[PDB]
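Structural description and commentary
As a plain string of letters, each chain reads:
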Amino acid sequence: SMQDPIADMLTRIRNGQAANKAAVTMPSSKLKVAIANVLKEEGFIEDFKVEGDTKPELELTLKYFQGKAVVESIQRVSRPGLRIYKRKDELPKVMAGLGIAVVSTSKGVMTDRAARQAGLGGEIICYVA
Amino acid sequence: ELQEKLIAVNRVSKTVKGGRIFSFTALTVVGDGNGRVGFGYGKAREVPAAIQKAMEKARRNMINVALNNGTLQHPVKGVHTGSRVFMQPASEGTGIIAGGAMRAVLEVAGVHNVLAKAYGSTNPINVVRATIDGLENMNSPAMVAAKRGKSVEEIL
Amino acid sequence: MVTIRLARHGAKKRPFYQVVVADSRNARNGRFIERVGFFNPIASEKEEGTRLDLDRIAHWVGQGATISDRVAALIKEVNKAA
Amino acid sequence: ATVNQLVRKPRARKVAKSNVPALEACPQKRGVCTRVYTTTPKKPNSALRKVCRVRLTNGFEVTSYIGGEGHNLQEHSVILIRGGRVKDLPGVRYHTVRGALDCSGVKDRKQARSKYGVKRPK
Amino acid sequence: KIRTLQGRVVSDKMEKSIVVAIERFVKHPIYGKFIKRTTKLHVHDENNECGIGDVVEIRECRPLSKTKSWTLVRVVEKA
Amino acid sequence: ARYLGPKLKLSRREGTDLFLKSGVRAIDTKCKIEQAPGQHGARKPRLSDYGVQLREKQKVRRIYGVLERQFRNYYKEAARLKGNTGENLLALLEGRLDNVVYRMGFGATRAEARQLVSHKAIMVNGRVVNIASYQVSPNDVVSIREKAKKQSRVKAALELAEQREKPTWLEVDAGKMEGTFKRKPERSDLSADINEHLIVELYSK
RNA sequence: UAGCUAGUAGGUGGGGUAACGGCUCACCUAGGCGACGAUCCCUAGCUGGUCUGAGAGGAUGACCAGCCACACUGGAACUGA
RNA sequence: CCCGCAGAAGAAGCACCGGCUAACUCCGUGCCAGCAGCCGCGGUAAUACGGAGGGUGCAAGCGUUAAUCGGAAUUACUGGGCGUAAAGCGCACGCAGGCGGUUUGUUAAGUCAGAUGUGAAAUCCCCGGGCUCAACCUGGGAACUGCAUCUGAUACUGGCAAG
Ligand SMILES: [Mg+2]
Ligand SMILES: [Mg+2]
Ligand SMILES: [Mg+2]
Ligand SMILES: [Mg+2]
Ligand SMILES: [Mg+2]
Ligand SMILES: [Mg+2]
Ligand SMILES: [Mg+2]
Ligand SMILES: [Mg+2]
Ligand SMILES: [Mg+2]
Ligand SMILES: [Mg+2]
Ligand SMILES: [Mg+2]
Ligand SMILES: [Mg+2]
Ligand SMILES: [Mg+2]
Ligand SMILES: [Mg+2]
Ligand SMILES: [Mg+2]
Ligand SMILES: [Mg+2]
Ligand SMILES: [Mg+2]
Ligand SMILES: [Mg+2]
Ligand SMILES: [Mg+2]
Ligand SMILES: [Mg+2]
Ligand SMILES: [Mg+2]
Ligand SMILES: [Mg+2]
Ligand SMILES: [Mg+2]
Ligand SMILES: [Mg+2]
Ligand SMILES: [Mg+2]
Ligand SMILES: [Mg+2]
Ligand SMILES: [Mg+2]
Ligand SMILES: [Mg+2]
């Protein structure tokens, strides 16, 4: 069974980058769209496009810069088998602040730095480097 | 200006109809102290020759590393055959807290402040392989800015 | 009953007394309710040596705490000096 | 490996046995030489290594190497044994202490005297 | 405002008394997984105003029997 | 608690000059400074990393006259203190009272200085201090008392010191025989040949 | 070590306690605990702490201080705040 | 604690030196005697045994033994693996359990934020102070990662309701 859609999405992105695919599509969800927005804002992908009504498909346009993938690494962290929540003081710094960590806070899904500025922790969905 | 130092020299044998043929392998590592490091693995029937071969090899195919103020840019892992290595930037004045081979490559590279450990196998050749890979696979804030299409101030 | 007394701390030949309120039954250096000061009988010049938290002492006395002779002497000294 | 598995039954710490279990975490122990004899070493060595089967104060019957040249041992001789194996003899885990209860120091030793219970010459 | 706990009525046979599981969703000390732990409590309920499976709020009180030191305050979701 | 043996021997073993003699007569004339100590000195096996570190550590320890436990303690304190550990360690060593007197110039050698301190000839802030390990603090005046002021050794030492290079971090008056420890010396003021970093690594393995 | 428990689990009323209470007693109900390890077996005083360790941990509970239990072994109460 | 007296006077050992591991030569023995933490050494030239000289390391101590943690990512939560190295049940069905596509609403258990109370003193750490210095004592902080309660956020996970 599919047991983790966010994880699946991340993997899809990684494989697309590996195989140099221009875009990657998957069943859309609200959490997925939010994650995509965070990625776009932070600049790890070029674009996302949700398309359809009954079963809509999110389509991300991946980002390349010198023949190689912009998203160097991208791991899910809080996975279903083991949820991870951090307090604002325990929020991780990925790649010494270069990479980002998408964190689901009380005020919506946001990057780790933004969450820290706000002053709240939450479920750490994934790290991106 | 291209400071070089030999990590390990090891004698290896091949067997023939007659008896054993001994020979020496020299693992050297050179670097300019500003980022550039290159390792070389020479083999010859006697040690000095082996060392010379290693030095020549090392001198070519060196590799530049984006170093931040005499230390690493972020915590970096490195893997290879067995030698899996972890290395973390540390505050100025800590000095290089790093194993043997690892210490050599880092030192010639020009990193003055690191905390390293070699996990897994500690086979000098492999550990050097791991360390160089790890150092290379490390981008700077300039590079990340370039990749993501932002300014360095937006990233911090 | 609750009392206010010196508790011996320091080294051999160099006593330093912590003034503590404590139930008299308790051992000298044992269980105590509150530590309301200290007194250093070997304190040199250009050193304070004594400090009695007077408000706390007053409160405890009001509550009904008896006072050691030495502590009383110290209190008198603090009062005069201050 | 799965967190669920670990939660159900966590990881067992590897209970390491002692290589000197007759000492029973004592630094030395007294025993009586039941029998003192010589024995042949293990494979790449030739010798007649001196060893004594000792009844310990706590019941155990061990065998103990006797280092140094020459010794004043026999049956019913109370000695102290210490931790340490002779790699060389199979199954010997303990040394006698030279220079204690009923064991003399080695004769004419000028070095490592402390190891062999020998007093300082003058 | 008083301290009170909710729990499902696991049984109600012994008269004037119920047993109330109070599942708490604790985190594991080492592994970090969140495990459901349970705390059965013998609760006193006069009038036997409760069925099995019903969620019910209870408060702590002076001990009423060998094992029974909690009383219910209001029943909810009687199903 | 003290090394009681040949001094030029110590210097020979280290390689460098450790300054264990007054320097009236050159050490090359006083001993075979070129040849290493012992039956087998004229041999140089290639020294391991551990070995090299150890040799340097020995050098510094011999120079100051600190035994191992005390040295280790100094290192621990230095590490604990904020800033650079090696720099801190060197500062502590300099700070030592015997070292300070030697710098001022009342003792020809550090050994001489230590002896004076031991024998109660030196007052720090008008109090006869006896401990060689006594840490002198910044702005501390340290002076020879008058009974030792008559010492011909002390006056000889002063002359020798006048010959020697004066430290910037102290100020010493030869007639008064009193010096003010103005500040703990900086590493640039201390000798460059000492590689304190090796010591730090060795005590950090 | 997979079943354990009859004052056992709960109720009503008496008795008892400085105090609540199967604390005890008479009767009533047939319960209660248990794979989130009951019961049985082995070992063990507990904590602040100590040692170690980058940390997470591991080991440990001498001294000092808090709490508990015992006072030749096993029972019992009296006196008394 | 201070002052005076005399006179270098009363005061240095222990381990180690083949590699790991800082420090090497000669003699004696000849797989014997012996050594050893590991790897090993010794069968007639022993830098590995025993003695001597020399050296190295610690020093009023130095060695040996026991014991714990470390190194040991060698029980791997951080932080391991399972084709051939140890390791995929012979294969299925399936209760408890673990996990759960997508939308909306509600709740607020988890989660997060803030506050209040507590988390004894000693210890640890920081800046000070006192013992000639240190150990030691000591002032003030910090810390005590916790726990409880109350008030908020609805992102996520959970419950309930509808799709
Ligand atoms: Mg007085
Ligand atoms: Mg043989
Ligand atoms: Mg000493
Ligand atoms: Mg360390
Ligand atoms: Mg009743
Ligand atoms: Mg009644
Ligand atoms: Mg017991
Ligand atoms: Mg560790
Ligand atoms: Mg005792
Ligand atoms: Mg009795
Ligand atoms: Mg009575
Ligand atoms: Mg060597
Ligand atoms: Mg011989
Ligand atoms: Mg030996
Ligand atoms: Mg021979
Ligand atoms: Mg050897
Ligand atoms: Mg020998
Ligand atoms: Mg471990
Ligand atoms: Mg493995
Ligand atoms: Mg096989
Ligand atoms: Mg099989
Ligand atoms: Mg199969
Ligand atoms: Mg879901
Ligand atoms: Mg479910
Ligand atoms: Mg809540
Ligand atoms: Mg002071
Ligand atoms: Mg405290
Ligand atoms: Mg929901």
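We count residues from 1 along each chain, following the written sequence rather than the entry's numbering, and we skip any residue without coordinates. All chains are assigned letters beginning at A, and all ligands numbers beginning at 1, according to the order in which they are written. Any value mentioned applies to the visible chains, which represent part of a larger assembly rather than the whole. For the side-chain quantities, the full set of heavy atoms in the structure was used; hydrogens and water were omitted.

Judging from the entry metadata, cryo-EM is the method by which this structure was determined, and 3.3 Å is the reported resolution.

This part takes up the protein's contact with RNA strand H. Taken together, 109 residues sit near RNA strand H, with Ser46(D), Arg109(D), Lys110(D), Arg113(D) and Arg80(F) positioned nearest. Residues are counted as near a molecule or strand when any one of their heavy atoms sits within 4 Å of it. Among atoms of RNA strand H positioned within 4 Å of the protein, sugar and phosphate together represent 75%. N or O atoms within 3.5 Å of each other form a polar contact, as long as, within protein, one can give a hydrogen and the other can take it, and as long as residues adjacent in sequence are counted only when both atoms are side-chain atoms. In this structure, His40(F) approaches RNA strand H through a side-chain N or O atom, which is 3.0 Å from a sugar or linking oxygen. For RNA strand H, a phosphate oxygen lies 2.9 Å from a polar atom in the backbone of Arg69(F). The secondary structure listing takes helices from DSSP runs of H or I that are at least 4 residues long and strands from runs of E that are at least 2 residues long, numbered from the N terminus. The biggest single contributor to the surface near RNA strand H is helix 3 (residues 49-64) of chain F, with eight residues. The nonpolar class holds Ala, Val, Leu, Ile, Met, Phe, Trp, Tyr, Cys and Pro. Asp, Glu, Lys and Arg form the charged class, and all remaining residues, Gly among them, are polar. Its residues placed into classes, the surface near RNA strand H shows 36 nonpolar, 30 polar and 43 charged.

All names here are of chain C. The buried label goes to any residue with under 20% of its type's maximum accessible area, the exposed label to any with over 50%, and the partly exposed label to all in between, with areas taken from a 1.4 Å probe on protein chains only. Taking burial as the measure, the 10 residues of strand 2 (residues 14-23) include seven buried ones, the bulk of the element. Hairpin connection, strand 1 (residues 2-11) to strand 2: the antiparallel pair is bridged by two residues, and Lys13 has positive phi, about 65 degrees. Any two strands with at least two DSSP bridges between them are considered paired. Here strand 2 pairs with strand 3 (residues 34-39) via five bridges, running antiparallel. Across the sheet, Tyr17 pairs through a bridge with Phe39, a residue of strand 3.

Here we come to the UniProt feature "binding site: Mg(2+)" (unreviewed entry) in chain D. Residue and element names in this part refer to chain D. UniProt positions are given in the numbering used here, feature names are shortened, and annotations may be inferred rather than shown by experiment. When the UniProt feature table is mapped onto this chain numbering, "binding site: Mg(2+)" (unreviewed entry) sits at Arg30. Structurally, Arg30 can be placed in strand 1 (residues 28-39). If near-sequence neighbours (up to four positions away) are discounted, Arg30 is found in contact with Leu56, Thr57, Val78, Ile79, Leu80 and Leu101. Pairs of residues are marked as contacts when any of their non-hydrogen atoms sit within 4.5 Å.

This part is about the sheet that holds strand 5 (residues 66-67) of chain C. Residues and elements named next belong to chain C. Strand order in the open sheet formed by five strands is 4-3-2-1-5, and the pairing between neighbours is mixed. The sheet terminates laterally at strand 4 (50-52) and strand 5, the two strands that pair on one side only. Bridge analysis of strand 1 against strand 5 gives two bridges, and the strand direction is parallel. Paired with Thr3 across the strands is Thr66, a residue of strand 5.

In this section: the packing of aromatic side chains. Here the aromatic set is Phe, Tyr and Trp, taking the six-membered ring for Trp, and pairing holds for ring centres within 6.5 Å; pairs whose planes are under 30 degrees apart are stacked, those over 60 apart are edge-to-face, and all others are tilted. Scanning the model with the defined rule gives six aromatic pairs over all chains in all. Measuring from centroid to centroid gives 5.8 Å for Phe71(F) and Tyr203(F), while their planes differ by 35 degrees, and the two rings are tilted. Of this pair, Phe71(F) sits in helix 4 (residues 68-80) while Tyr203(F) is found in the segment after helix 10 (196-202), placing the two residues 132 residues apart along the sequence. Among the residues examined, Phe71(F) registers a relative accessible area of 0% and is labelled buried. Feature note: the residues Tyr85(A), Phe25(E) and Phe34(E) constitute an aromatic cluster, connected by ring pairs. Only when the NZ atom of a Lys or the CZ atom of an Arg is both within 6 Å of the ring centre and within 35 degrees of the ring normal do we say a charge sits over the ring. Directly above the ring of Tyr119(B) sits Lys117(B), whose terminal nitrogen or CZ lies 5.1 Å from the centroid. Residue placement shows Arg164(F) over the ring face of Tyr102(F); its charged tip is 4.8 Å from the ring centre.

Residues in contact with RNA strand G amount to 23 residues; listed here are only the nearest, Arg13(D), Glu15(E), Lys40(E), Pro63(E) and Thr67(E). Among atoms of RNA strand G positioned within 4 Å of the protein, sugar and phosphate together represent 89%. The side chain of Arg13(D) places a nitrogen or oxygen atom 2.3 Å from a phosphate oxygen of RNA strand G. Each residue belonging to the surface near RNA strand G can be placed in one class, and the counts come to four nonpolar, eight polar and 11 charged.

Turning to the pattern of salt bridges, a few remarks are in order. Should a side-chain nitrogen of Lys or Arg be within 4 Å of a carboxyl oxygen of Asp or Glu, the pair is scored as a salt bridge. Counted under the stated rule, the structure contains 25 salt bridges over all chains. Note that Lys40(A) and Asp47(A) form a salt bridge whose closest N and O atoms lie 2.9 Å from each other. Given the relative accessible area of 32%, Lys40(A) is considered partly exposed. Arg49(D) is the salt-bridge partner of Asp88(D), the closest N and O atoms lying 2.6 Å from each other. Residue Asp88(D) is located in the loop between strand 4 (78-83) and strand 5 (94-96), and its partner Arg49(D) is located in strand 2 (residues 49-56); the two are separated by 39 residues in the primary sequence. A cluster of three or more residues bridged by salt bridges with shared partners is formed by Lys57(F), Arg61(F), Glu68(F) and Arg72(F).

With that settled, consider the environment of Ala26(B). Residue and element names in this part refer to chain B. Residue position: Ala26 is located in strand 2 (residues 20-31). Of the residues examined, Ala26 reaches a relative accessible area of 1% and is grouped as buried. Considered as a pair, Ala26 and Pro124 are 98 residues apart in the sequence and their alpha carbons are 11 Å apart. What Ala26 contacts, discounting residues up to four positions off in sequence, is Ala8, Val9, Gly40, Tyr41, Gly42, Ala50, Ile51 and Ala54.

A few words now on the sheet that holds strand 3 (residues 37-44) of chain B. Residues and elements named next belong to chain B. The strand order across the open sheet built from three strands is 1-2-3, with neighbouring strands paired in antiparallel fashion. Edge positions in the sheet fall to strand 1 (3-15) and strand 3, since each of these pairs with one other strand and no more. Mean inter-strand twist for the sheet, computed between neighbouring axes without regard to direction, equals 15 degrees. Judged from the eight bridges that link them, strand 2 and strand 3 form a sheet pairing that is antiparallel. Looking at the pairing, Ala26 lines up with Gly42 of strand 3. Its contacts with the sheet place helix 1 (residues 47-59) against strand 1, strand 2 and strand 3, and it is angled at close to 145 degrees to strand 3. Think of each axis as a best-fit line through the C-alpha atoms, taken over the contacting stretch in the case of a helix, with angles from 0 to 180 degrees between the N-to-C directions. Helix 2 (residues 101-109) contacts strand 1, strand 2 and strand 3 of the sheet and is inclined by roughly 140 degrees relative to strand 1.

What follows is about the interface of chain B and chain A. Opposite the 14 residues of chain B that make contact, chain A presents 15 residues. Buried area is understood as the total, over both parts, of accessible area removed when two parts are fitted together, assessed with a 1.4 Å probe. Interface of chain B and chain A: buried area, both sides summed, is about 1,200 Å²; carbon and sulfur atoms make up 55% of it. For the pair chain B and chain A, the number of links is two salt bridges. Measuring nitrogen to oxygen at the nearest pair gives 3.1 Å for the salt bridge that ties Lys147(B) to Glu72(A). For the interface between chain B and chain A, the tally reads five residue pairs in polar contact. Those elements that place two or more of their residues in the side of chain B that touches chain A are helix 4 (141-148) and helix 5 (152-155) of chain B. Within the side of chain B that touches chain A, the residues separate by chemical class into six nonpolar, four polar and four charged.

Residue and element names in this part refer to chain F. Residue ranges for the domains trace back to a domain assignment, done automatically or taken from a database. Once the domains are mapped, chain F shows domain 1 (7-93 + 190-204) and domain 2 (94-180). Distance from the C-alpha centre of domain 1 to the C-alpha centre of domain 2: 23 Å. Tallying the contact residues gives 16 residues for domain 1 and 13 residues for domain 2. Taking both sides of the interface into account, the surface hidden between domain 1 and domain 2 amounts to around 1,100 Å²; carbon and sulfur atoms contribute 46%. The interface formed by domain 1 and domain 2 holds zero salt bridges in total. The interface formed by domain 1 and domain 2 includes 13 residue pairs in polar contact. Breaking the side of domain 1 that touches domain 2 down by element, the ones donating at least two residues are helix 3, helix 4 and helix 5 (85-95). Per-element tally for the side of domain 1 that touches domain 2: the top contributor is helix 5, with four residues.

Residues and elements named next belong to chain A. Inspection of the secondary structure puts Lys32 in helix 2 (residues 30-42). Despite its burial, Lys32 remains without a salt bridge, the nearest opposite charge being carried by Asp8 at 5.9 Å. A polar contact of 2.8 Å, which involves the side chain of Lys32, links it to the backbone oxygen of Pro27. Not counting chain neighbours up to four residues away, the residues in contact with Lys32 comprise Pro5, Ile6, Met9, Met26, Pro27 and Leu58. Charge assignment in this entry is limited to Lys and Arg as positive and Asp and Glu as negative, and neither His nor the chain termini are counted.

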